[PDB]
């Protein structure tokens, strides 16, 4: 089982930065939609759904730093979850050698930030833990953490 970010090199476990461009200017009540399907893809290293990989996102996945006061929802594989995750998500099966974009979007609504900076350029905005286990033997379980990082400042000048 392997993943990559923005078509980069293979990732088999561990923590990886994922850089995203965000709507730079927003108003009170407006959300930010972070489509991570456009950035992270994973595949099965045998193909043919031999030793299918089973992946889900993990309880405890959360906003980072100042964003923990913000409201969040996480879309994963046809289901919406409150964010931060207080449970694990449903399981996605991965068996093809051709990468599958992760069916993952983060919806963010800033709270208590009106009149200033909402998100800083270069700041980790969320840490999303992903769990993999396959089918044969031990399943060789692996942990991934996706550190979502904003490429740019976001401001909410009004309110």
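Residue numbers count along the first chain shown, from 1.
Per the PDB record, of the two stretches 52 to 60 and 26 to 34, 26 to 34 carries the greater mean B-factor over its C-alpha atoms. The question of which stretch, 42 to 50 or 125 to 133, has the higher mean Cα B factor is settled in favour of 42 to 50. Placement of the Cα temperature factor of residue 153 within the chain: middle third of the modelled residues, per the deposited record. Ranked against the other modelled residues of its chain, the C-alpha B-factor of residue 80 as given in the entry falls in the middle third. Sort the modelled residues of the chain by CA B factor and residue 118 lands in the highest third. Ranked against the other modelled residues of its chain, the C-alpha B-factor of residue 143 as given in the entry falls in the lowest third. Residue-level temperature factors show residue 15 in the middle third of its chain, judged at the C-alpha atom.
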